[PDB]
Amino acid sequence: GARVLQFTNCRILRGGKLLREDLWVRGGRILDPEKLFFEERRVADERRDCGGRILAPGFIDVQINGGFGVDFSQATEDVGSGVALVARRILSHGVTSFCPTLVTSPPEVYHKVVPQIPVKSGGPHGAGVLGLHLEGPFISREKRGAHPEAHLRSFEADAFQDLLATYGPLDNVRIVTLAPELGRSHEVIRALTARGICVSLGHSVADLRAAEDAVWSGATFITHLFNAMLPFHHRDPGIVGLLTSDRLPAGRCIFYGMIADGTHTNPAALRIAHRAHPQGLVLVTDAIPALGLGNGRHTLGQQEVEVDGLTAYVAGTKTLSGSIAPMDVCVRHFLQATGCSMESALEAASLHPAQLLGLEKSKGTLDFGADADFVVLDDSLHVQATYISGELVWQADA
């Protein structure tokens, strides 16, 4: 663990620019070479030539419901094995941290599954688990999307105590998506953020003012913008209006997820959001359990999903269930659709989600002191290799 690694002949993403600069690593952390040189030595124990390729912080996916046959919203015999399988497979997508996401389920499912998915550091076993993202059940009936109507719930009884009874202990929970128009959402948002949980707005028929109120109550994220929310209207902007709002707490950057799989939103939607509020854009996969399996029928929590073509509908409906697009595919599609810089596309998949979760000192950057989680990319942003804590954990067949 004490070895000094030096990555040379590389362009690194630092401060929003690709710099021709070496990356120094020891004990899983990025090192300041000026400080290393003065205090210790100048010669690394190992040099690795990167052939001019790009090193960028490892991707962070804060919304993924499963994959490769695994459905996080199922109380199976070995919940942990399913999480570890997905965590391992998404290394090949450039993902080094993620939030396993559960969808609207009966309380007993939460009680069995939630304690089985704790935080875990990344390594050769797979991407690190940052905590659970619980999407629903405290969401709107009118914008339930693929969530089962039977298991939706409201707050009005006794607000946060109803949420605690539904989910069970929240120690392992990092994010909760809710619809803020629900009665007593204010109390719930306050109680959740007081416990360090990120509150996201989604699956909601709330208007702009209600959404702005929820941000003042503590909300900091929007769940897959444009999907499962009222559209933008010029005399009724809705939640999309948060991207241009000047009525939020001063200095606060509202973050918002976008599914850039080429099916959930057209290029115009990616462009208009990126141009209105670039700093807040967070790429998420919202991947469903059928990710990586091709066509067929599989599950998503309590619902059944029909995948045919590159599109996943709730069976018997034309309601999209989620994406089958890996994160690296989303990064490239975002880049192509918006014409943004490579730096901007890479930041939306790593820096921005890290900032959302308050992790920007340890994840999402190649800054001094941060964890050495990074991907090796060619100029087309195809992932050649994935590193966690300075250790090679995935390498492309080529």
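We number the residues from 1 along the sequence you see.
For the pair 273 to 281 and 286 to 294, the mean Cα B-factor is higher in 286 to 294.
Higher mean CA B-factor, judged across 118 to 126 and 251 to 259 from the recorded values: 118 to 126.
As recorded in the entry, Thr299 carries the highest CA temperature factor of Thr177, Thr299, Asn227, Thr244. Per the PDB record, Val43 has a higher Cα B-factor than any other of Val43, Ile54, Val329, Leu366. Residue-level temperature factors show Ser97 in the lowest third of its chain, judged at the C-alpha atom.
When the modelled residues of the chain are ordered by C-alpha B-factor, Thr220 sits in the lowest third. In the PDB entry, a CA B factor belonging to the highest third of its chain's modelled residues is recorded for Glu34. Among the modelled residues of its chain, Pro353 has a C-alpha B-factor that falls in the lowest third, as given in the PDB entry. In the deposited entry, the Cα temperature factor of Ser321 places it in the highest third of its chain's modelled residues.
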